[PDB]
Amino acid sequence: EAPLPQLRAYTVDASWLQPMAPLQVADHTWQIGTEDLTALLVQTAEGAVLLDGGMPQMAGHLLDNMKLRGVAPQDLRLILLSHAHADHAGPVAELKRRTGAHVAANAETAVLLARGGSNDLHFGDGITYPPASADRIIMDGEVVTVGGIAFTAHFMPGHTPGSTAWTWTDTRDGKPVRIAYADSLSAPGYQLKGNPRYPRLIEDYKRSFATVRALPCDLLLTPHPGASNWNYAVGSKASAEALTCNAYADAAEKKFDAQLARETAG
């Protein structure tokens, strides 16, 4: 008789786990994750902010890169998240323990983060990571300020119920740069139509496409750089082919509409 199957680990492409040196996005914003996973460090006078952290095993690499930027572990004051999946919020638990930073997230992301990604509406328990607790609950449009830099949350439910875009204004060449960190708009293997765990899934994606179009957006970044056409490996040319917020939302909606029709035919 066959035994019950062994637990399967969440494996990803090697480029998602390929460390990279800090890549400057603007005067205070740096990509410090891996080549295929975004992790943004915003350095203020009163401490540092981290948006996403990638996979669980990236915690040490993030702290190494923070130190290359002159940010001691205890100088990290705040962790912000796009959504609480293992490949974006993986190391949050370990980062909280080692930095003393607080996590700000909306209620849906907080509840998912507190489950460690277990009981996913679409993936079940296949992408579990160490759970972490949110210290501040964020509402739609709420402003989070660290060192005088205002971060504004824009709810874009879909990929996860708590999917959030974060916008803030940096500088470059003495001119303002409105950075938009928009969450994923994919639905990989999701059941879209008549989903009992997510009955309004299609309506949420539709409004989220419109939300992404209206974001203040001089420079767009996404948790997966390829989604917005970044290439973190080519250095100072990484952002050359980056999409607008309008192009990102439009490309996402056509892929969504094609998958929706394919689901009807499958």
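Residue numbers run from 1 along the displayed sequence. Basically, rigid core = biggest C-alpha set you can superpose within 1.5 Å across the two forms.
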| query | finding |
| --- | --- |
| Farther-lying stretch by C-alpha RMS in 9 other deposited structures of this protein, rigid core as reference, of 168-176 and 143-151 | 168-176 |
| Of 172-180 and 188-196, the stretch whose C-alpha atoms average the higher B-factor in the entry | 172-180 |
| 151-159 set against 69-77, stretch whose average Cα temperature factor tops the other in the entry | 69-77 |
| Candidate set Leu220, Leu37, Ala45, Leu201 [ranked by C-alpha B-factor, highest] | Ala45 |
| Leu50, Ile32, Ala59, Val234, ranked by C-alpha B-factor: the highest one | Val234 |
| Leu95 - which third its CA temperature factor falls in, relative to the rest of the chain | lowest |
| Lowest, middle or highest third - CA B-factor, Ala249 | middle |
| Third of chain Cα B-factors occupied by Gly126 | middle |
| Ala258 CA temperature factor, ranked by third within the chain | highest |
| Within-chain third of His102 by Cα B-factor, per the entry | highest |
